[PDB]
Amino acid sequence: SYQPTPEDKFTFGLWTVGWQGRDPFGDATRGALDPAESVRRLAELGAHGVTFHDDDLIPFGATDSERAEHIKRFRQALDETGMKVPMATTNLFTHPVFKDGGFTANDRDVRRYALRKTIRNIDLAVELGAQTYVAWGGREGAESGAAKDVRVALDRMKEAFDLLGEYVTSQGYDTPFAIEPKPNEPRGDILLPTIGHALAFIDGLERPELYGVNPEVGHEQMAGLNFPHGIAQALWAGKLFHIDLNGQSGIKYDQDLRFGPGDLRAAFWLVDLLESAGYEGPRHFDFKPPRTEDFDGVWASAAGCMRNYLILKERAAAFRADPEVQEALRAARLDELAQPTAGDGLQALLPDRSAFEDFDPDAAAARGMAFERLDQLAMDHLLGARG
C-alpha cells in the first residue's frame, strides 16, 4: 500500500485541517481545533511537519502573557511528536485594518504595522526551526482602477520586502522568503497574480537571492494556466523554495480541494516533474476539508492528500522507467530537444547552407511528432492499465 512517513516530507498548515468551514455565504460547521491536537493528529497520520500563520497560533491582540502560553502548549506538542515547523507565514488579510492590504495599503500607518507584525512572527518562525517564510499578499490589490496606482504600489511592495531582507540579514537568520501568487480573491485583482509576475518582481529586489516563490496548484489554475509549466519555469530559475499542493476544478473561487482532486492529469504531471527534477522541499498541503464534513472527514481528507501523492509518484516512476515509453520519447525527439541548437556558434550557423538555403521545410514538416502515442502511454500508466 501507500503509507506516508515523515521521510515523505508531507506538511500541513494549521489553518487547513483547522478550517471551521465559514465561507462567504455560511457559518462554521466545525468547532475550533487546538493547534496542539492538530500536531498530534497529523503526526499520527504520518505528516512530517506543520506550518502556521501568526494568528493561527496566537489569538490576535493576545497579551504577551497569553501569547507565551500559546507557544508553550504548541512547543510541547511538537517536542513530544518530533514534528517539524519548516515554514511559517503572517496573517495580513483577516483583520479589518488590512482591508486595503498590508504592505501596499494606501494608509502609511497600516503599512508600518504590517511590517512590525511580520517581523515579530519571523523571530518566532526562526526559533521553531522554520527555513522558509511565506508571504501571500491576499489583500494587496484593488476592485477599481484609481483606488490603486500599481507602479507606486510596487514601490511600496519592494520597500517592504527589502526591509524584510535587511532585517533578516542584520540578525544573521538563515531563512528565505517565498512569495505565494494568486490572481484574485479576496481582492478583484491581486498584485503579482502569477508565478511569472512574482519571479519578475523578485529580480528587482536589493537581494534577489533571498527570495523565491511558493506557488499553489489552484491559484495558477484560477488564471487557467498550466501549473506544471509554471513550476518548470520556477525550477529553471532556481526559485522553487516551497510549494502548496491542492486541487481546483477550473476558473472560479479558490476551492482548495485535497491534492489529486480537481485537475488529476495536471497533478500527475506535477508529481512527475517534482520527483524527476529532484525538488527536495516540503510537499505542503494548503487545502480545506469541505464544510460538508465532520472531524472524521477532516482527517480522511488530509490522509487523501498524501495517498494521492504517493500513488501519483508511483505511476510517474513507472511511466518513466517503462522502456516502451523511453522509445516513445525518442520517437517524439525529446532527446533532440536537449541538444544545443547552435553548439557550433553563430558564425557557423550563418554559413550553414543546410539551415536555410538548402533546407527543405516541406520534407521536415512531413515528420509526425508522434505525441499522441506518447500521451496515451502516459494515460495507460496513470490508470494503471499498465505499469
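Quick note: we count residues from 1 along the sequence shown, nothing fancier.
For the pair 57-65 and 26-34, the mean B factor over Cα atoms is greater in 57-65. For the pair 244-252 and 73-81, the record assigns the higher mean C-alpha temperature factor to 73-81. Among all modelled residues in its chain, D100 ranks in the middle third by Cα B-factor. In this PDB entry, the Cα temperature factor of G262 sits in the bottom third of its chain's modelled residues, the lowest group. When the CA B factors of the chain's modelled residues are split into thirds, the value for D286 lands in the middle one.
For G129, the recorded CA temperature factor ranks within the middle third of the chain's modelled residues.
Among all modelled residues in this chain, the alpha-carbon of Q221 has a temperature factor (C-alpha) in the lowest third.
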